[PDB]
2 protein chains.
Amino acid sequence: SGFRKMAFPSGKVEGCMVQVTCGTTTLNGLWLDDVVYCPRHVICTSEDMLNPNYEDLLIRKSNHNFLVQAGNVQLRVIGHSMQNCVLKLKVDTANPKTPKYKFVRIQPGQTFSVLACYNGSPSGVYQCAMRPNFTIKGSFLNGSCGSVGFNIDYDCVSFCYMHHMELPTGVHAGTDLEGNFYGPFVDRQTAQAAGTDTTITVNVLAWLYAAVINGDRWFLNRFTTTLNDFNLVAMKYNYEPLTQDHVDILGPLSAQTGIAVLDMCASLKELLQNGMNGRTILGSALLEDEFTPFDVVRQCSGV
Amino acid sequence: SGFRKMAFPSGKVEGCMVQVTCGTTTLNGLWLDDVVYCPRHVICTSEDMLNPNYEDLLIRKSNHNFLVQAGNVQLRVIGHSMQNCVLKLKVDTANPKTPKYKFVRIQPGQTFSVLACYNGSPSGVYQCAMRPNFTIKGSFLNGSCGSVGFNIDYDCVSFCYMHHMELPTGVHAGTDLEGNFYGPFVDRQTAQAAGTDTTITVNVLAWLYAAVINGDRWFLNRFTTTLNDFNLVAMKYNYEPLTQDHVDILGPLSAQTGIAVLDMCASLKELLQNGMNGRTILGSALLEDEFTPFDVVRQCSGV
Ligand SMILES: *C(=O)[C@H](C[C@@H]1CCNC1=O)NC(=O)[C@H](CC1CCCCC1)NC(=O)c1cc2ccccc2[nH]1
Ligand SMILES: *C(=O)[C@H](C[C@@H]1CCNC1=O)NC(=O)[C@H](CC1CCCCC1)NC(=O)c1cc2ccccc2[nH]1
């Protein structure tokens, strides 16, 4: 029993983290085979953060301008190139700790683990969701750029996020490992800001199922609703619409608990219209939306 | 910016996890140098869980009754002994991945990271506090026994918890790595249950400071209180008393924010008597008590 925000074990990613320095800027890089991946804004000086032309900035660089350090061993850079908003630094040594890996872009509402790093040294690991507005609510200080987000399946690491910047509201923006930003954000200085966000409905329903599996039942009721009537309520409370595919994805949890999805939707409707009346669910006084149905199944396998 | 429940990177502990089987019972062990540590209840059969005599059960065992597997390599057991509620299985190979380590017993109100494991394979990592009643609110299924809790300081792992059992309320109980239980719990079948718990006041104040550092200020006020008047309120709301040592420990966070500790105590008094009036702090609608002052400083270093 119990239900925690749980990250994947981070050792396979720890063995990939390095430090990259260009000029006076230090951030992290990801070393896989003989390539180190990092944010291209490592090459930007304070004097040209408004409208950097990265193609020009990079043409003016040589391999020796990039200092890469893996633990206390310097890696020699033997090529450099840009891939969208990431740099690829070819080094003369393949990482002996390279795990099986993939580069996968995730969807809003999906979750992943972040290994926060500074100076190429891992500091902490935590779980995050990609919000509907393509930001993440992370925990990142100066120096954390190049830290990555990932999921692990069997022994394969699927990297899905590299950190680039913090927006004015304190949420975070970055790219996939092909260097393409999540959301309408750019690696230059603007007034860019997080757009309106919404709550991830299917995840809230998954977490209510987690709660039932863990013995929290007070929010259940004898009612059911139709999908259309539920989505009218969802729209009123800034929740994403629930689709039949979402209902299908919740099938296993519904079977395990014996509570039909539209029955649980009636509970969620009542929680949105009435609140919790001083009670808690899985130790929270808010409806939690950063657990996917797969996260719940993985963690609450057989109660 | 941002504030997350963050665990320590788990790779140094991943390299220590093994599987231990005795009879039909499989759980996890911790392999350090040439010793594997695991819960002694691995030797208990279903027929003697009410009043096992572990001294007798172990005298009837031989080394070959213990099957230890590290990845897909079997380790040969060459000695066995009991240390309080842990078994020590001497094996014929020193773990080449042994980190620098210590065995440290923690205090209630202290936090640590748990590497949940099954069949000697790490599954997830999360942060936990030792409650005042010496339970932990973990996430553990069948097979998780022998999973450990730890903190990391520089490159030294301080192991502080090994998992043994779940209580009837769904919270968890275990030992330090010397095999001594946290709290009034035993590794035999009884009606034992978690005793009354309380909220960790100094941790709530630390988290309010984290919130201020992260831009949540709505709960601040112009008032201050005395320590005695605050502790009268604490007692009414089942909070631990706040000591002058706690005030001293909060010194750095108070200096960084410019908010005196007894000024923040006045805010906490108002939150306990009035509630939050529909607002949130660091994404929570409850007062959070599983971050220590050190956790806050480590994560919110320089905003
Ligand atoms: C890389 O390590 C950091 C990570 C920041 C630091 C604080 N918290 C984080 O996540 N990235 C930055 O500091 C970027 C660097 C820019 C260089 C030029 C191209 C764009 C990225 N800057 C910011 O994250 C930043 C600047 C800024 C100014 C005003 C409001 C918000 C804001 N965010
Ligand atoms: C080891 O892997 C497990 C971990 C449990 C499983 C479910 N969640 C956990 O944390 N440990 C157990 O199953 C113990 C084994 C006992 C063997 C004999 C000596 C004491 C431990 N049992 C329990 O955790 C347990 C049994 C039980 C019965 C009734 C109410 C609660 C309860 N808890």
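Values below: every heavy atom of this structure, side chains too, minus hydrogens, waters and symmetry copies. Chain A is the first sequence line, chain B the second, and so forth, proteins listed ahead of strands; every chain is numbered from 1. Whatever order the structure lists ligands and atoms in, that order sets their numbers, starting from 1.
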Would you compute the distance between atom [atom1] of [X] and atom [atom2] of [Y] and round it to the nearest 0.5 angstrom?
X        : Y        : atom1 : atom2 : value
A:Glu166 : A:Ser144 : CD    : OG    : 8.0 Å
B:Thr175 : B:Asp187 : OG1   : CG    : 8.5 Å
A:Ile213 : A:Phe3   : CD1   : CZ    : 8.5 Å

Is ligand 1 less than 4.0 angstrom away from at least one heavy atom of A:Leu27?
-> no
Determine, using heavy atoms of A:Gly143 and all atoms of ligand 1, whether some pair is separated by less than 4.0 Å.
-> yes
Counting both backbone and side chain atoms, is some N or O of B:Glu166 under 3.5 Å from an N or O of ligand 2?
-> yes
Regarding B:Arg40 and the six-membered ring of B:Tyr54, is the cationic atom NZ or CZ under 6.0 Å from the ring centre and inside 45° of its axis?
-> yes
Could you tell me whether A:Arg105 sits above the aromatic face of A:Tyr182, with NZ or CZ closer than 6.0 angstrom to the six-membered ring centre and within 45 degrees of the axis?
-> yes
Who's closest to [atom] heavy-atom-wise, of [options]?
atom                    : options                              : value
atom 5 (C) of ligand 2  : B:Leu141, B:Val186, B:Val171         : B:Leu141
atom 12 (C) of ligand 2 : B:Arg188, B:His164, B:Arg40          : B:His164
atom 19 (C) of ligand 1 : A:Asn142, A:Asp187, A:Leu50, A:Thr45 : A:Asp187

Considering non-hydrogen atoms of the protein only, which is the closest contact for [atom], and what is the distance?
atom                    : result
atom 30 (C) of ligand 2 : B:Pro168 CG, 4.1 Å
atom 15 (C) of ligand 1 : A:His41 CE1, 4.1 Å
atom 18 (C) of ligand 1 : A:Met49 CG, 3.8 Å
atom 10 (O) of ligand 1 : A:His163 NE2, 2.7 Å
atom 22 (N) of ligand 1 : A:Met165 CB, 4.4 Å
atom 29 (C) of ligand 1 : A:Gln189 NE2, 3.9 Å

Name the orientation class of the two ring planes belonging to A:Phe8 and A:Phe150 (parallel below 30°, tilted from 30 to 60°, perpendicular beyond 60°).
-> tilted
Kindly assign one of parallel, tilted or perpendicular to the pair B:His163 and B:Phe140, based on the angle between their ring planes and the thresholds 30° and 60°.
-> parallel
is_close_aromatic(B:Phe181, B:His164), centroid dist under 6.0 Å | yes
Ligand 2 contact by B:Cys44, heavy-atom criterion under 4.0 angstrom | no
Do A:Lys88 and A:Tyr37 have side-chain heavy atoms sitting under 4.5 Å apart?
-> yes
Any N or O of A:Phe140 that comes nearer than 3.5 Å to an N or O of ligand 1?
-> yes
Polar side-chain atom of B:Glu14 near backbone of A:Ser10 as donor-acceptor pair, under 3.5 Å | yes
Short question: side chain of A:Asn28, backbone of A:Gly143 - any donor-acceptor pair under 3.5 Å?
-> yes
Is any heavy atom of the protein nearer than 4.0 Å to atom 25 (C) of ligand 1?
-> yes
With a cut-off of 4.0 Å, which atoms of ligand 2 are near a heavy atom of B:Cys145?
-> 1 (C), 2 (O), 3 (C), 4 (C), 11 (N)
Select one of side chain, backbone, both or neither to describe which atoms of B:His172 lie under 4.0 Å from any atom of ligand 2, heavy atoms only.
-> side chain
